[PDB]
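The figures here come from the full heavy-atom set of this structure, side chains too, leaving out hydrogens, waters and symmetry mates. Each chain gets a letter, A, B and so on, in the order its sequence line appears, and its residues count up from 1.
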4 protein chains.
Amino acid sequence: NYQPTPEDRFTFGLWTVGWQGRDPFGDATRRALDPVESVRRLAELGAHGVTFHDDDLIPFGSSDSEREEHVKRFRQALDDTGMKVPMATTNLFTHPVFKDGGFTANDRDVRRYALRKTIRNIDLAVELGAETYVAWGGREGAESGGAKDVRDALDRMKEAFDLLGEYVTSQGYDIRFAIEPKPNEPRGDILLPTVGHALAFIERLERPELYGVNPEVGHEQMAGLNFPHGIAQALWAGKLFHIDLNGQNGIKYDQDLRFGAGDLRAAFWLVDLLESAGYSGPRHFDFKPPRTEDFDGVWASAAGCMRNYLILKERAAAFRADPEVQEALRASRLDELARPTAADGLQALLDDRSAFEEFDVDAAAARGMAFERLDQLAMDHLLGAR
Amino acid sequence: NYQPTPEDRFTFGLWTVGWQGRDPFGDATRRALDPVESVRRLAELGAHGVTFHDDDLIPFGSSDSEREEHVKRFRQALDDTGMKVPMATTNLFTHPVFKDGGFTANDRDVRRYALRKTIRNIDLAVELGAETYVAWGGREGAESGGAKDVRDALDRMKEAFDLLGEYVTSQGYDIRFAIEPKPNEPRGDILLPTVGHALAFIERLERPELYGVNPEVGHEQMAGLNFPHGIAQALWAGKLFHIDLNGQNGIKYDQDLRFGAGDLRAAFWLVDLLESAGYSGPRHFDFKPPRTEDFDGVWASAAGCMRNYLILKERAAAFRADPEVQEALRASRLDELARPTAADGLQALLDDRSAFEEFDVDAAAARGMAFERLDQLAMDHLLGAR
Amino acid sequence: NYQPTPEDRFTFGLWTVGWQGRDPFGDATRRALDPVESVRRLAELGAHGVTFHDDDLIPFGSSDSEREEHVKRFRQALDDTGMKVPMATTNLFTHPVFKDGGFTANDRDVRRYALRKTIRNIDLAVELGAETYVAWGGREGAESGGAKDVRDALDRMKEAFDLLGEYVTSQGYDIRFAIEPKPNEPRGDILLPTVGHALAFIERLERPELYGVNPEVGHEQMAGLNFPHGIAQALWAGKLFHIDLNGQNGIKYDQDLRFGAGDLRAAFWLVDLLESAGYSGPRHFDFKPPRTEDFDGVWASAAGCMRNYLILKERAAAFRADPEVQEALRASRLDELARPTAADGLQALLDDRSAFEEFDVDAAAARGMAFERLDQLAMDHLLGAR
Amino acid sequence: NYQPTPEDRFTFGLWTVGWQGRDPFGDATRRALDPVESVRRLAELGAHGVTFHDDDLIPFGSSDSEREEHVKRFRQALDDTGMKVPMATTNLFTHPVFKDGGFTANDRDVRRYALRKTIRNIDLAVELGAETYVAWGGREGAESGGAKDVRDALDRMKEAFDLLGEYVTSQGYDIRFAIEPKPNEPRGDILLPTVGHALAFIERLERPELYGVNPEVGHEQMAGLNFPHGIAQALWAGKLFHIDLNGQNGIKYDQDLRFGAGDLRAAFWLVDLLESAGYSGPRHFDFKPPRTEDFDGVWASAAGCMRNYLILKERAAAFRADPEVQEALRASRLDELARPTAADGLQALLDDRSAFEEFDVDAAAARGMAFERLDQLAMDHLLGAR
Ligand SMILES: OC[C@H]1O[C@H](O)[C@H](O)[C@@H](O)[C@@H]1O
Ligand SMILES: OC[C@H]1O[C@H](O)[C@H](O)[C@@H](O)[C@@H]1O
Ligand SMILES: OC[C@H]1O[C@H](O)[C@H](O)[C@@H](O)[C@@H]1O
Ligand SMILES: OC[C@H]1O[C@H](O)[C@H](O)[C@@H](O)[C@@H]1O
Ligand SMILES: [Mg+2]
Ligand SMILES: [Mg+2]
Ligand SMILES: [Mg+2]
Ligand SMILES: [Mg+2]
Ligand SMILES: [Mg+2]
Ligand SMILES: [Mg+2]
Ligand SMILES: [Mg+2]
Ligand SMILES: [Mg+2]
Ligand SMILES: [Mg+2]
Ligand SMILES: [Mg+2]
Ligand SMILES: [Mg+2]
Ligand SMILES: [Mg+2]
């Protein structure tokens, strides 16, 4: 009954189940988790692996010797459990020095510090076996219009990612970068606020093939956008390197609910797309167990993330395999959408009187698309009424 | 007192002052305007030129002879008034045949028809002197998840724009294309919903240099995004070919208020950016005089668009020229944001102990950014309290 | 398999399945339906009854003799089919005379006309057997701040509803009024924009017992609000006289999708609440079959409204009847929420040292609420995984 | 030049200028302020008074003797400076015991504790001279649908406010209560989420005359609502007891920007309304100086709150006093909106053939409202272009 195994490639950030529940209006409701106990507990639930920020694993300000001890204990738990570390990232947002950003801070010395802090953790990530290095520029942005010249900030952002790409290529590392967009919070507006803006920015980097996106369900929904559409565009561009799964109820603060909560139909269409397209990266949950919960609730919430993915996977597979749905997809001309408009070429199209001079515009207009019957078949499959 | 002249390059769509006031819940409140009278009235107000959809100028279904008469009358009014036509576009959204899209309709014959309808109007646009051809894919999208495979739809969208680029290059035309994003309305979600998604898509076309964006104030605000930030990214990429100016009060239906209404501070920062960056294209108003208004109100509303641009231009210029603001920009380190993070290069950065090992993180963190004083100087300038 | 019968009390507006598909950007895609054929088709699908605006049934401008013929034909179809008319309403929004409102138009003569048009249809409604008369003030509002003094407008709104209440009481009619809120569209902001504002306004009418609310799923969601919470508050006040069921994907234009589309979890919690609370009014669908659809799609969409209600009803009933859920509700202390905080009274509470001086705040804080396990049981029931 | 004096009645919460800058993603950037130094600094800037939560003034867990010392020092600074304390409130949101609410927590013992904590601070408030006691139920709400039965929660909320009203009347205190709505954050949905819902709830309390609202600019804007419209409805009901002034850029997390930032036109129409209606309560700023700022920025930000109010007051007064605006208001029939629709009564309206049978609907429909000219006069006044 919907039991995960490590082959499902479910992964969790240390900061997810370890969130202590401090929010803008309230103190922590849970004690801190040791990363070693999170790894053990997640392995028991069926997870494949964990991810981390540098500062989740090594307390900020640690001496090089305390650092080695923290890494050794962590590596021992990975060996003991079989858990992998597919992705890592840098905390460029918690310490007050990053209050105006890391890569795009107005102060040049902070930007240099931000790059050195990142590069140190790239070495550690490679050593732990990570394939993807995520950058979430949560402090890159502004509350007021005069504080940030955005063209200069984008030059600084391009400069930072170009330098990181020079670093990994000169070291020979097999790691790729993924930019995680978010439209706002904690800054009033964040630079590269959606999947689209991040994809466009990547095309201006010196080595675009090293960079992709790490979209998050709740972040695109904070702009009211359709998250499966945005993932489709990332897949179309070949840039979906990693994904953050969670839930969000509309346009408000980033809730980071467990996956399947929030917009359930969008979760169904997301799973349908990822499975149909053969996405083979980690299914990573970036979620926060609500601060109402004790530790039993934390693990129930994490298990629910995986359960809901596996239920939706089953329902989406049943939908696509149902002959009556295959019939309806042809009734709605999804087959014709996949065929070229004009494989015959421009001159043939210009000479084709059936495309214009003799096109019967009223007969074409009268054809129904039959989309409502198709969508009700999808609803019936989701709810298990088929 | 803030009087426009044709050198300000203000332009209006025929469909703006000609909107009859039909909305989803109500009949028209104004009679139809003859395009010739709109051209004459706009020239009297100080406009530089007009834009059109094919179907605004030539009623749909016109014979080739009625078509020539419509164009001759229009050209005569342009000659009489001195008005230019800098941009044109195609109506691929009103006729029922486009109910599921034009370039990405599921029916292949509609997609071919959509391309032939576009190509016919490109010839007319070039003949009238337009430099920019806009595409707004208002029907390209979906209300439900199974109706549109977005990767196939993006293939069809790329196919259509590639064919249009082949057409203009084979004819030798000096015209460029601008894609106008919108996140929703009239479809539940529209493909390429923001500036960012459109910029990313352009990079996958065969001839990307022929394509840019035509962002609209109200459209990016329907996603809650910061419109001057999005324009900055378009300028940074070199792709701001045209712009649609209007106002919008937040995340709701597309209001198309006169420019300066809606988010007034964002309008100030937009004007500051366009003028500082030297944008030299048309200042185009895509707005709808509210249906409460009679014809005197229509022309008052159009005049207000231009007036508010010129007031904001004056206030933004006074802001940037004020020595006390120049001082505050340096106090907030805008000068340092414009300098390279690491012109000394990667190896120098890695060896620079002042960037990490000896960086005083607490002293850097204590420095205030002084952004609130800067923003209050900007408020004082906007309100004329300086 | 989820077949409606007239005992389920499903009702539809004539304007729903009869929507021709004209939107702000496009012409009609469907021909007009005769009201008599809509009644017959809805009866075949299992509906209980229909609702109407005056102008849906009697074309605007009809002579008193054409009016009688329209009503006779309609009454004959009701007799032939067994369909009831539980609710009626007035169109105070389509005709250009209502461009600035009906009850709160600035022009006094329009406000008087609006009241006479309403009163004429109240007589017809009573004659057809309606129990509820709905008022949706779609044009009452403003696009700009100086156009409407809202305190004077609320005086005029109170004046109009007080007069309508005087009319029904002086005639002896057994009909009640329900105000339908909406936050925006077609006006930039609409007066009484949410359930809450409407409930508060009712308390200032001369005869508050005659007035309740008719909330619409999609309208409260256009403000980002939780629609089952708002219905709970209306039930708590005793004012849920009628309800409009449909679906909406977030904060954007009013989509009026079929019920069950949009926010599916909110639809589940809404059905759970209506059924638990014993709401016994009509389950009315105010939805628009998308303009992609032909007539077969219209009836498929209407049938889907009813199907999804009946599936969600079954899942919510299974959820509430499941012993494991009953256990979890007690684990989360829903039983204690229903008990009085201080039935012992104020003085006892002030003397109770266990409520403050000796209250163990750290032990109470450590108790988890177990809400995530409860919510995953609800997800499992919704998806049929229990 | 726009200098505040204590007669302007500007007040600030201790928690505003004292916010240390801890947000969900980052540590504090500023040290804690002693309340005595905040009082002195605010008095120098021209403030009238301060407000507090119990826990801002008396650290949580203080002994009754430490409590007296904290109050004595505070009272000494009030005496030294002339500052008043017009409002106070209770912190029922920071401590983990309130993680599921205070008055509507599912655990009965927490609800009792919440009431005793409130009652203790009401005594202190009265002793310091406060006239208004605010309740913001920031934790009253839910992230999931099954966690809170909202009808039972509203019973508990009514029970708590009824008990507080019994307490103040039995003690003879001259203090009134004001409920502060907020739609979300930190709970996924908060009960009584808008001005309207709070006004409706007040009408079901045992002693409604003791309760009003304390609306906050940014909170109603987090639902996309028109804040001056909501204030107008509160004034119309006689319930605007207090107000929280700040700025917010659209639907997102609660930004609490300084007043005048965010939606500047809405701030102008708000000031116009408060001054026209003669609101005579405190002009209270509930804002957070951004965490980019040091202490000089904090005081600059607080001063900006007051400056922008006084500039907008001057511009709104000039607008209303301008003969050309008075002419335009009559052109738009604002005078007619203020006159009764039917002072002649129901029977006269029914007999008045000029209201229906002989009403010329086409002539009334053709009259323009002239709202765009009126709104451009308001824009010109705001920008100082008149
Ligand atoms: O950068 C990795 C993670 O960092 C932060 O915790 C963000 O809130 C989360 O969205 C992101 O994925
Ligand atoms: O395509 C040009 C214009 O077409 C339509 O009228 C749109 O509503 C407008 O946004 C667009 O700019
Ligand atoms: O007034 C009854 C109906 O009228 C209009 O058609 C509205 O769009 C709908 O929401 C409302 O319920
Ligand atoms: O309750 C008084 C204050 O408490 C909290 O600090 C809230 O965030 C603020 O909105 C409210 O006004
Ligand atoms: Mg998130
Ligand atoms: Mg996130
Ligand atoms: Mg994330
Ligand atoms: Mg628009
Ligand atoms: Mg537009
Ligand atoms: Mg446009
Ligand atoms: Mg609706
Ligand atoms: Mg509706
Ligand atoms: Mg409705
Ligand atoms: Mg706030
Ligand atoms: Mg607040
Ligand atoms: Mg507040």
Side-chain angles (χ1 to χ4, degrees), chain A residues 25-27, chain C residues 341-342 344-365, chain D residues 13-15 35 50-75 78 85-99 101-105 107-140 156-157 159-180 210-211 214 242:
Chain A
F25 293 94
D27 293 333
Chain C
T341 296
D344 51 343
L346 179 56
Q347 188 53 61
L349 171 64
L350 294 168
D351 295 333
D352 179 2
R353 300 175 50 86
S354 83
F356 192 72
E357 292 88 353
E358 295 172 10
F359 181 62
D360 187 348
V361 105
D362 297 316
Chain D
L14 286 183
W15 68 93
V50 284
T51 61
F52 68 96
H53 303 80
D54 56 347
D55 297 350
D56 297 331
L57 183 63
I58 298 139
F60 183 89
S62 287
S63 62
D64 278 34
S65 89
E66 284 168 324
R67 179 169 206 277
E68 288 210 346
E69 187 49 54
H70 283 298
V71 172
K72 266 171 38 179
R73 308 176 65 239
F74 187 65
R75 297 216 68 155
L78 298 176
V85 183
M87 179 276 273
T89 183
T90 327
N91 186 323
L92 301 177
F93 50 88
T94 292
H95 195 282
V97 70
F98 297 124
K99 66 191 186 287
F103 295 163
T104 67
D107 288 306
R108 176 174 177 273
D109 53 0
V110 169
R111 303 192 297 269
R112 295 175 64 91
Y113 176 68
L115 280 166
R116 296 286 312 280
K117 190 172 194 287
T118 300
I119 287 161
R120 211 183 176 204
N121 203 49
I122 290 170
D123 293 340
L124 174 59
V126 168
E127 178 188 325
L128 293 173
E131 299 181 26
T132 301
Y133 199 84
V134 164
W136 171 60
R139 295 277 180 209
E140 319 300 335
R156 296 297 77 76
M157 191 93 79
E159 182 178 12
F161 280 106
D162 282 339
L163 287 170
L164 296 175
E166 189 179 357
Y167 182 72
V168 301
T169 57
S170 81
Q171 300 294 290
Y173 290 159
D174 283 324
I175 197 159
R176 293 176 312 164
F177 291 101
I179 291 172
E180 177 166 356
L210 292 184
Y211 307 87
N214 181 44
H242 193 270

S.K.: Closer than 3.5 angstrom, by distance alone: can the side chain of D:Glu131 be matched with the main-chain N or O of D:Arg176 as a donor-acceptor pair?
M.R.: no

S.K.: Checking D:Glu140 side chain against D:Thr104 main chain: does a donor-acceptor pair fall under 3.5 Å?
M.R.: yes

S.K.: Return the CG to CG distance between D:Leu128 and D:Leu57, rounded to the nearest 0.5 Å.
M.R.: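 So the gap between those two atoms works out to 7.5 Å.
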
S.K.: So, does D:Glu166 use its side chain to make a donor-acceptor pair with the main chain of C:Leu346 at under 3.5 Å?
M.R.: no

S.K.: Without hydrogens or angle criteria, can the side chains of D:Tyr167 and D:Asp123 be said to hold a donor-acceptor pair below 3.5 Å?
M.R.: yes

S.K.: With a 4.5 Å heavy-atom cut-off, do D:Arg156 and D:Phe103 have their side chains touching?
M.R.: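 A side-chain contact is absent here, since even the closest heavy-atom pair is not under 4.5 Å.
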
S.K.: With a 3.5 Å distance limit and no angle check, can you tell me whether D:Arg116 reaches the backbone of C:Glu357 through a side-chain donor-acceptor pair?
M.R.: no

S.K.: Please name all residues satisfying salt bridge (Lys or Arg N to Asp or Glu O under 4.0 Å) with D:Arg111, sequence neighbours left out, ordered by chain then number.
M.R.: none

S.K.: Looking at D:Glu127, I'd like to know if its CD atom is crowded, meaning that more than 12 non-hydrogen atoms belonging to other residues, nucleotides or ligands lie closer than 6.0 Å.
M.R.: yes

S.K.: Any heavy-atom pair between the side chains of D:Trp15 and D:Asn91 that's under 4.5 Å?
M.R.: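 Answer no - side chains too far apart.
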
S.K.: I'd like to know if the side chain of D:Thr89 and the backbone of D:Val134 have a donor-acceptor N/O pair within less than 3.5 Å.
M.R.: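 Such a contact is found between D:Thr89 side chain and D:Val134 backbone.
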
S.K.: In terms of ring plane angle, is the pair D:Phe60 and D:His95 parallel, tilted or perpendicular, where the classes change at 30° and 60°?
M.R.: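 Tilted.
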
S.K.: Between D:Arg112 (side chain only) and C:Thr341 (backbone N and O only), is there a donor and an acceptor less than 3.5 Å apart?
M.R.: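 Indeed, once roles are kept as given, a pair shorter than 3.5 Å links the two residues.
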
S.K.: Go through the structure and list residues passing side chain to side chain donor-acceptor pair (under 3.5 Å) with A:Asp27, not counting sequence neighbours.
M.R.: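 Side chain to side chain donor-acceptor pair (under 3.5 Å) check on A:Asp27 returns nothing, list empty.
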
S.K.: Would D:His53 and D:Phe93 count as a side chain to side chain contact (heavy atoms under 4.5 Å, CB included) here? Give the steps.
M.R.: CA-CA 11 Å; D:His53 303 80; D:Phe93 50 88; 3.6 Å; yes

S.K.: Check whether D:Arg139 reaches the backbone of A:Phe25 with its side chain - one donor and one acceptor, N or O, closer than 3.5 Å.
M.R.: yes

S.K.: With under 30° as parallel and over 60° as perpendicular, where do the rings of C:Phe356 and D:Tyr113 fit, or are they tilted in between?
M.R.: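 Plane angle under 30°, so parallel.
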
S.K.: How far does CZ of D:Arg120 sit from CD1 of D:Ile58, to the nearest 0.5 angstrom?
M.R.: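 Nearest 0.5 Å value for the CZ-CD1 distance: 7.5 Å.
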
S.K.: Can you tell me how the ring of D:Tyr211 sits relative to the ring of D:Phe161, calling it parallel under 30°, perpendicular over 60° and tilted otherwise?
M.R.: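 Ring orientation, 0 to 90° scale: perpendicular.
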
S.K.: Considering only heavy atoms from C-beta outward, does the side chain of D:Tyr173 approach that of D:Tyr133 to under 4.5 Å?
M.R.: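 No. Closest side-chain heavy atoms not under 4.5 Å.
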
